[PDB]
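# Commentary on secondary and tertiary structure
Given next are the chains, with one letter for each unit.
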Amino acid sequence: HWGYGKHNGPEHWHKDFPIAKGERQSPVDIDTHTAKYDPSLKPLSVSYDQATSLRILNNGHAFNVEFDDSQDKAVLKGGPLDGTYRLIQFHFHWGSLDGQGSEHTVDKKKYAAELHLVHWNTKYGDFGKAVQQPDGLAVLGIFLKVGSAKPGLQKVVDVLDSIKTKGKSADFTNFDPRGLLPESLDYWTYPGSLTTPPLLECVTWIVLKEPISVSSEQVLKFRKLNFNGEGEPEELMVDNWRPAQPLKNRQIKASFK
Ligand SMILES: COC(=O)c1ccc(SCCc2ccccc2)c(S(N)(=O)=O)c1
Ligand SMILES: [Zn+2]
């Protein structure tokens, strides 16, 4: 039902998911002038040396690259987090044009796309239990700008033609997510939500300041995916981003400067 089309997009979601108008919704604009440096934040620890990718799925809205999260393999800790968060999947949001596509904005700047690495807090045992908790998930958000190609993204771009339509999947083993990180792990953090239904208020957002560069050709290939299933009229998968939501009673903290 819900999507990003002309009649089922973000402004409609509240009708099936009333939390869409909640107190800690994501994404948000990051006002860099008002984000406060927090000397008590730790450096982020991203430990992806043992990550085990399995499969890539066109989920009907984006594509998920899925990881084996049955053991402590690929974990995020440190930064603003307590305990250990296990990577379960990553996906992106992107635009129909380079001037839009990110969910978070920075001083109202939209990036071409935004990568989300989703992790769940191991103290809750599994992802389904974790999304029921205010500290259940940590999502690491990375902006994409269009410029030089990102070599470590090419393996993702090249498998997209095999999962063009909703519900298609493909084997996707041995992919190393370290190739999608920028040089600096300086970040902003704030408490928020999933940005798609069910919009649960269970996420500690960590958004890296430094964007990665991808080529125009790479993001053009994202835009050839389809929201529709096989044998249905083509709906290009573009503009699958939720706009900035009210910050309300929240502080965005900076790990730097
Ligand atoms: C276009 O965006 C997506 O396709 C997308 C898919 C998954 C997720 S996270 C898991 C959401 C979920 C689904 C079902 C049950 C409990 C949680 C997100 S985000 N931006 O991290 O909120 C976006
Ligand atoms: Zn997302």
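Per the deposition metadata, X-ray crystallography was the technique used to determine this entry, at a resolution of 1.4600 Å.

### A word on the UniProt feature "binding site: substrate" in the protein chain
Under the UniProt annotation, the feature "binding site: substrate" is placed at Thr-195 and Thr-196. Inspection of the secondary structure puts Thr-195 in the loop between β12 (187-192) and β13 (203-208). What makes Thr-195 buried here is its relative accessible area of 6%. Those residues in contact with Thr-195, other than ones at most four positions away along the chain, are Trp-13, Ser-26, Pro-27, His-93, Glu-103, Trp-205 and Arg-242. A polar contact is formed between the side chain of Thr-195 and the side chain of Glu-103, at a distance of 2.6 Å. Mapped onto the elements of the fold, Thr-196 is located in the loop between β12 and β13. With near-sequence residues (within four places) excluded, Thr-196 lies in contact with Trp-2, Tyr-4 and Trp-13.

### Structural notes on the coordination of the zinc ion (ligand 2)
Coordination of the zinc ion (ligand 2) by the protein involves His-91 (NE2), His-93 (NE2) and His-116 (ND1), with metal-donor separations of 2.0 Å. Relative to the metal, the four donor atoms surrounding the zinc ion (ligand 2) lie at angles of 98 to 119°, and the coordination shape comes out tetrahedral. Coordination of the zinc ion (ligand 2) draws on donor residues from a single chain, spaced H-x1-H-x22-H in sequence. Exposure remark for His-91: the relative accessible area of 12% places this residue in the buried category. Judged by relative accessible area, which is 3%, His-93 ranks as buried.

Reading guide: rules and limits
Residues numbered from 1 in each chain as written, not as in the entry; some residues may be left out. Chains lettered and ligands numbered in written order. Heavy atoms only, no water. Residues with missing side-chain atoms left out of burial classes, pairs and counts. UniProt positions renumbered as here; feature names shortened; annotations may be inferred. Helix = DSSP H or I, 4+ residues; strand = E, 2+ residues; numbered from the N terminus. Buried < 20%, exposed > 50% of the residue type's maximum accessible area, 1.4 Å probe, protein only. Contact = heavy atoms within 4.5 Å. Polar contact = N/O pair within 3.5 Å; in protein donor to acceptor, adjacent residues only side chain to side chain. Donors = N, O, S within 2.8 Å, 3.2 Å for Na, K, Ca; no water. Tetrahedral: all angles 85-135°; square planar, octahedral: opposite > 155°, others 65-115°.

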